[PDB]
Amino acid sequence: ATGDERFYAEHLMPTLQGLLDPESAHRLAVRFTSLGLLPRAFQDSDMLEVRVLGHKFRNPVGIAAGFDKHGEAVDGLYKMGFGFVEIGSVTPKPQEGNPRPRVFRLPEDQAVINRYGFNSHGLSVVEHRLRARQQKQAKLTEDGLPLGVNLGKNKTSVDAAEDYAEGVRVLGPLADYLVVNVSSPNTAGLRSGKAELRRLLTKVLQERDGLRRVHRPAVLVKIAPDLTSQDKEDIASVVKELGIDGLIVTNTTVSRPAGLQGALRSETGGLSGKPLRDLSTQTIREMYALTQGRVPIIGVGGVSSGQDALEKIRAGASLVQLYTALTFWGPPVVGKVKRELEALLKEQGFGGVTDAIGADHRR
């Protein structure tokens, strides 16, 4: 462990989180990151490179959606050491989200509960923000640092599929991949038969296919950790039938695992961090098997170490993301996870990340 890792985790982060409300802490982090005011970041080795979704990824550790909802801090996030950045969720029209407070810390559980409710600057604002750096991003992507854009829907929209279609049209041309986020716990009706998922995704794929080739992103579906076995079967079937490019597994949980200690455990919202970790890993495992290992998965939920990352990779993830760990460990967590993952890959006889993807299924 580095000097910075210990100082951030043992002293700086607990101190700052003790002085700030949770949403203020989030907002300041976005500001600092946007300005590049960051501790020095670990040099990515060849072992960490992954080729998937039509792109090179210099390392397999990404920032999950929700940290940079409005695409304000993309360059700072690459500076932090992330191999890829996902922004959003972005809704078609601007919207405020839920009333404050809407983010809650559970430090005794290394967890967070949020009910932001898709607060979003909206597609137009985000479009113009990404256009301002569109060629810089093209070079970053060529250098193995791709960009994902996560699409949401407005609270009052009467046609969910049209909201996602609008997102594809507006931000698709600026993204390496898009995410159809049908799994927020904090918008009424979002997570809801099989035929309607098929309908929605058919429309999204048609819109994507209508973009010019150099502006044509991969399309992924991000799913909840709270799905029934039937839901998971159905999703796998639809994904294969339509040629969806990948899955993001998982969003936050509306469950409250036995054992949570935080005083705020019974707040409404999605739970993230350590209590979500294994529920998410197991969802990756099931989705990989249901798709015969032929559908790339981005694994997310409770990653704070190289071991956590490798467990998701071995379960079937090609790439991982984190968010909640950053709230407790700060920016040095990114180098920590990468260093630990490289060490474990070597210790377990893997030539690189690619060799470990889905390795548990071959035992």
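Numbers for residues come from their place in the sequence shown, where the first is 1. Rigid core: the largest C-alpha set superposing within 1.5 Å between the two forms.
In terms of root mean square C-alpha deviation after superposing on the rigid core in 9 other deposited structures of this protein, the stretch standing farther out between 116 to 124 and 194 to 202 is 194 to 202. Structural divergence in 9 other deposited structures of this protein between 31 to 39 and 290 to 298: following superposition by the core, 31 to 39 has C-alpha atoms lying farther from the shown form. According to the record, 1 to 3 deposited residues between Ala41 and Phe42 are left without atomic coordinates. In this entry, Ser192 and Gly193 are separated by 1 to 3 residues of the deposited sequence that lack coordinates. Taking only CA atoms, the mean B-factor in the PDB entry is higher for 150 to 158 than for the other of 79 to 87 and 150 to 158. Higher mean CA temperature factor, per the PDB entry, when comparing 248 to 256 with 137 to 145: 137 to 145. You'll see in the entry that, of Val334, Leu310, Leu37, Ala65, the Cα B factor peaks at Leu37. Based on the entry's C-alpha B-factors, the most elevated value among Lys240, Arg131, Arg102, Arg265 belongs to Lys240. Annotation for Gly270: C-alpha temperature factor in the lowest third relative to the rest of the modelled chain, per the entry. When the modelled residues of the chain are ordered by their C-alpha B factor, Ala188 lands in the highest third.
Ranked against the other modelled residues of its chain, the C-alpha B-factor of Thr291 as given in the entry falls in the middle third.
When the modelled residues of the chain are ordered by their C-alpha B factor, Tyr323 lands in the lowest third. Among the modelled residues of its chain, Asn59 has a C-alpha B-factor that falls in the middle third, as given in the PDB entry.
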